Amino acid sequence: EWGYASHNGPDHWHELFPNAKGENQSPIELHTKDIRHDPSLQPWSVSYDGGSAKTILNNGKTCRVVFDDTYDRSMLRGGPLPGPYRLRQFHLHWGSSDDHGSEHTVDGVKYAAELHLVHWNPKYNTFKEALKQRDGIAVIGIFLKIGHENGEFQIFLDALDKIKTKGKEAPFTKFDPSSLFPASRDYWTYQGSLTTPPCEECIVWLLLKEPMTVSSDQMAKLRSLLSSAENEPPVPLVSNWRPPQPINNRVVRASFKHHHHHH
């Protein structure tokens, strides 16, 4: 029903998914000039359970790791959130070359990829119901910058051989996503939507200022996945990112100061 191919990509989502036409769509372009510091933004923290990781999969649109969220195992709390959130899954977005691939951009700079750790509020009883709330989902977004190879990330990349084609999935346990977190927890926050259909505007975004580094080699591994089935002819899965959407009247807030634009 949707994808990143020229016939079902971002340019066509609006006529298939009404929400994609909304006023609080994601991603957006971040401009530090217009970002205001909000002392109310408290530090966020995680209580992830490595043993909660269950499956890794390739649905032809991205590669996703699923966690056990039947109860409060891996939690995300603090920050602008109204309560604790359950880690449900994480996936990535990347481009065809290292010069681009991230969905959000900062002051014109684009990254090679973007990691999204998706959580939801248990207060809404069910993940499906959380998608109906403006703050039902909280996503931790991490930028991937080209540089030194990442050892922790390599573990993830090593499992990719199991889900090369669309539809493939494999047991993937023992993995703490927090090991991929950069040293700084400074973040930007705003409210938007899923950057993928149905594009519900139900996400409270937490974008980390400090990017995660990865080597060009490791990025090449991500681009080796297929969006095609084991039968169908090979079709590489690259460019699974959505262009920036109009910010409209939304203001992005920072948990840190950044004195550059003022005094």
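Residue positions are given as counts along the sequence shown, with the first one as 1.
Undergrad: Looking at the entry, does 249 to 257 or 20 to 28 show the higher mean C-alpha B-factor?
TA: Mean B over CA atoms: larger for 249 to 257.
Undergrad: Take the C-alpha B-factors listed in the entry for 36 to 44 and for 214 to 222, compute each mean, and give the stretch with the larger one.
TA: Averaged over C-alpha atoms, the B-factors run higher in 36 to 44.
Undergrad: Among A130, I140, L160, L87, which carries the highest Cα B-factor?
TA: Top of the list by C-alpha B-factor: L160.
Undergrad: Looking at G51, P234, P198, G60, which has the highest CA B-factor as recorded?
TA: Answer, based on the entry's C-alpha B-factors: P234.
Undergrad: Among all modelled residues of this chain, ranked by Cα B factor, put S102 in the bottom, middle or top third, i.e. lowest, middle or highest.
TA: It falls in the bottom third of the chain.
Undergrad: Ranking every modelled residue in this chain by its Cα temperature factor as given in the entry, which third contains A113?
TA: Lowest third of the chain for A113's C-alpha B-factor.
Undergrad: Lowest, middle or highest third: where is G136 by C-alpha B factor in its chain?
TA: Ranked within chain, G136 CA B lands in the lowest tercile.
Undergrad: Looking at the temperature factor on the CA atom of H119, which third of the chain's modelled residues does it land in?
TA: Bottom third by C-alpha B-factor.
Undergrad: Would the CA B-factor of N125 place it in the lowest, middle or highest third of its chain?
TA: Middle third - that is where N125 ends up once the chain's C-alpha B-factors are sorted.
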